[PDB]
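Notes to accompany the following structure.
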Amino acid sequence: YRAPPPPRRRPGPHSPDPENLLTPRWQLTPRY
Amino acid sequence: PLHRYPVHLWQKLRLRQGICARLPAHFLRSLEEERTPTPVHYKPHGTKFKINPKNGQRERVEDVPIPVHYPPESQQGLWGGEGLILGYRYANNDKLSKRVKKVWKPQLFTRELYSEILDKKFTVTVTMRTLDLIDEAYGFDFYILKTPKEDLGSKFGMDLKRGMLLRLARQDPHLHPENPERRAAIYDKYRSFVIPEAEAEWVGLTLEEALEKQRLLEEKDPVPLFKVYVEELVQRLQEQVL
Amino acid sequence: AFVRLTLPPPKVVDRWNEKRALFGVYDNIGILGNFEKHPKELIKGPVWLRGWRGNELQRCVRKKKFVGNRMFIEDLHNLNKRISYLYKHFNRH
Amino acid sequence: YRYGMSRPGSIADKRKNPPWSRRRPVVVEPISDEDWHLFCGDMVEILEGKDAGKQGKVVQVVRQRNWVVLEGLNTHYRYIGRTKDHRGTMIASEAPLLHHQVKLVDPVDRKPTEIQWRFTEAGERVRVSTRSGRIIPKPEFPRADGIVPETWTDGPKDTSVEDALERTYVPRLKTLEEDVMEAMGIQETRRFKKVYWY
RNA sequence: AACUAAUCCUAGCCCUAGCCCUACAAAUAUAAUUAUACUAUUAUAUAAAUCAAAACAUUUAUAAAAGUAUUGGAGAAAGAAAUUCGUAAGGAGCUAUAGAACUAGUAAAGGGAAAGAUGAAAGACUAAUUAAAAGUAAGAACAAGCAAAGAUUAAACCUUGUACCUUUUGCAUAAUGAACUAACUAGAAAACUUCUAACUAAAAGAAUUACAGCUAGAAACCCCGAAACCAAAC
RNA sequence: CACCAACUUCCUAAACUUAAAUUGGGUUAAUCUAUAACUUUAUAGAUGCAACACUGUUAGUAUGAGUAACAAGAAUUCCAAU
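Protein chains in written order, with our numbering: chain A, -15 to 16; chain B, 15 to 256; chain C, 5 to 97; chain D, 18 to 215.
Here it is as structure tokens:
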């Protein structure tokens, strides 16, 4: 077998969508 | 299992789906928006800083609103934000004294007020604070129209607002009947609150009433399939003629 | 007691399957990955105990906080009653 | 309920699967309708069994157990007519064959050729051999009652062939009840008073 | 090769993961299930107490800062913040006394079970497998005796020996408990220390300690049983 | 005018000193996992891991005991007969 690729996180800025219900409130604060 | 959305979001999902979405946008905005009633029995902290216990340093502060009970009779009357305060009291305003179960009653009254827009005098439950507001509002009609629902604190007052708004919106001759010249003055006097007829209808409507009203608006008798096929057949034949 | 009168069928197990063969791989992600991802981040399981461990009361209390709003009403009441017994046992005995 | 050679609901089946029986269920690999390729009357070759390598015609298929039954094949011997006066007569009794134990036969060349399902111009699904591709037509099986349709002779209470095929319906805006009235001239002038449905 | 019996493996369950959700006729709320008029028509209070405080009375929970300050018959206990920080099908589970009470909510509120086993094929006469529980049979007994031991040519004779557990006291001729077979049936926590190692005036993968400290690991404290008490239905 | 009798003591082979809450240390049955072994074993990691006894629970079978105990008018030529 060949080992699975090492996990890689998504890089760069990610802006949460305010309208989305799932996104938490703290991610929408001006401090964020 | 575990619900993807918390229980509080269930209400949000219901509002966002079904006939609730089909409700008029103007009415939906009125329901969605929340305006805090004017404080009457409690005051927010004047200063924004206080001494934290654990660190003994100045810290930001929070406000604890006093519990005030507004009975449904207020919704059937015109109360100026006054309400029943239910709770415990310390006799003589010292903590060292006994604790007594106390119900604090604002002085309640039933009084008659004249409405220029409705051209009728209405006898309703009212408080002294409302009467001062009416004078400050430059008329009883102004107070109903100017005051928001929460500050008004009256379903009947909101219902009165609904009637007044519709009366202004339609320029209905029902205002001051037999006096068209006087009718124009009232409309001009309260011209500021003239709004679209559709919005005025839904002002102050209860959720159950709104849902039934929307259902009645969208309910339509079954189409006889003979007629439907007639229209379809003609359209195809008309297209064929082209 | 009495015992079986028949022998179970023989069973053969492969010890070099991918799961066993690759067990433990990437466990040095932090040291070999510049510590960008801690090995605790690789834990998959119940949300309230991912990268965290505690006594039974702590695990139960953390479970309530994590999924309390998403738990059933009957389960929440049962969990509240269960927490009471756990709290008294550890904190009073 | 374990499916057996006995038809479900039969006396033998009831003995085979009594109400209180909770035997360890036998697991049968599910086969899709498209996947299944064996039908009654199909000539198939037995891959394994007592008569392995002998081509036979299917007569019964218990799809629940993936069983195909070939008459006169996979046969063990039992006694018919066993009684006090007589010992009995030995007869041929067939045993079920699992689907993997048989394969379809190419008509021109008699071999156990693997087949793939494909449609035809008419649209009817037909099995096609994976190698030496050819169409295996659906076999012809006599009616269960034994009645050949054409050979059948009308008995009492039986409509003649032409009578059944005759069409007398004329499209019109009248129901059967209304049409019956016109033919028999039923007329009713009384009217029900207003009824509030609720 | 003996009767009574016994044997078996799946019925299914359990926990997380994932996922929210937005899916016959006839009769019926009258007296439900009564084919058509009567008679207008309708739920829900702080959650409490129990409980803890060895009674009881105010009172008693149900990411880091931190279980700290504060609060509290200052006692059982309760307990923030400021300020930092937070992107994203499986089981070292059970396998018919186990696992859901379950094959089943089946056989006034409400309570709530018992059990099944052939093989590829029974359109092959329904399977075998076991000196295997206690109980019995095959094969009743023979002066003498906690039933055994030392023995012996010899089963019994000769010689020796006050049933067992618990409890009393380190004693019972006390006193409790036991027809027998099978299954089931009760010790759980890390504040500090020693021990085992890493690195060291530094140690811990953020929130911790330090003039040899610091980090990690290991190391611990049961079960069943009242009279009672209260809430909401019937 | 002795002999008998205790592991007291001696002797051959060995051994190195006599109550019970409590306390230190070394093993082990069973089950599962990791990795092996291959007539049923090893090294590690684990646990619903060992019952003659909780007014304990379920099932089987004894004992009392084949004991206590129990029951229909007559004849005939016959129970839908006299």
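In this text, a Cβ means the ideal position worked out from N, Cα and C, and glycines have one as well.
According to DSSP, is residue i part of a helix, a strand, or is it coil?
i	result
B:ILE209	coil
B:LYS57	coil
B:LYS160	helix
C:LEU90	helix
D:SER27	coil
D:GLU111	strand
B:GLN89	helix
B:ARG18	coil
C:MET75	coil
B:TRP24	helix
D:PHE136	coil
D:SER146	strand
B:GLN254	helix
D:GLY73	strand
For residue i, return the contacting residues in chain C, with the cut-off set at a CB-CB distance below 7 Å.
i	result
B:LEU16	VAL71, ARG74 and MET75
A:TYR(-15)	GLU22, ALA25 and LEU26
Are there 16 or more other CB atoms within 10 angstroms of the CB of residue i, so buried, or fewer, so exposed?
i	result
D:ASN83	buried
B:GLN185	exposed
D:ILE164	exposed
B:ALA183	buried
B:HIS22	exposed
D:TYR20	buried
B:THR144	buried
B:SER168	buried
B:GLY60	exposed
C:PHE39	exposed
B:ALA212	exposed
B:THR141	buried
B:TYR157	buried
B:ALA214	buried
B:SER111	exposed
D:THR130	buried
B:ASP77	exposed
Thinking residue i and residue j are a contact (beta carbons under 8 Å), I'd like their distance in whole angstroms, please.
i	j	result
residue 1 of chain D	D:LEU90	With chain D covering 18 to 215 only, the question about residue 1 of chain D has no answer from this structure.
C:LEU46	C:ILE35	At roughly 13 Å, the Cβ-Cβ gap does not stay under 8 Å, so C:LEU46 and C:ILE35 are not in contact.
D:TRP134	D:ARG144	6 Å
B:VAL138	B:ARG125	7 Å
D:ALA29	D:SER38	At roughly 14 Å, the Cβ-Cβ gap does not stay under 8 Å, so D:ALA29 and D:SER38 are not in contact.
B:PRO51	B:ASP173	Incorrect: roughly 18 Å between the Cβ atoms, too far for contact.
Output the distance between the C-alpha atoms of residue i and residue j, rounded to the nearest integer angstrom.
i	j	result
D:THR106	D:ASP171	40 Å
C:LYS69	B:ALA35	33 Å
B:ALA199	B:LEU189	10 Å
B:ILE33	B:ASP108	55 Å
B:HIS83	C:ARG57	46 Å
D:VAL75	D:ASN34	26 Å
B:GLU150	C:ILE87	57 Å
C:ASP31	C:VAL65	29 Å
A:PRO0	A:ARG(-6)	14 Å
B:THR161	A:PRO14	33 Å
B:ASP155	B:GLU253	59 Å
D:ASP162	D:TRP169	11 Å
C:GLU22	C:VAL29	11 Å
B:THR220	B:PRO85	17 Å
B:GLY218	B:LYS163	8 Å
B:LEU98	A:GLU3	39 Å
B:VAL114	B:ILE80	17 Å
D:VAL212	D:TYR18	54 Å
Consider the C-beta atom of residue i and the heavy atoms of the ligand HEM; say whether any pair is separated by less than 7 Å.
i	result
B:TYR56	What this structure holds is no ligand at all, so the ligand HEM is not there to describe.
Strictly below 8 Å CB to CB, what residues from chain A border residue i?
i	result
C:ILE33	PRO(-10) and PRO(-9)
C:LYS41	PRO(-9) and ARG(-7)
Can you name the residues of chain C whose CB is closer than 8 Å to the CB of residue i?
i	result
B:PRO20	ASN73 and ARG74
Using a Cβ cut-off of 7 Å, pull out every chain A residue sitting near residue i, in sequence order please.
i	result
C:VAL29	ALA(-13)
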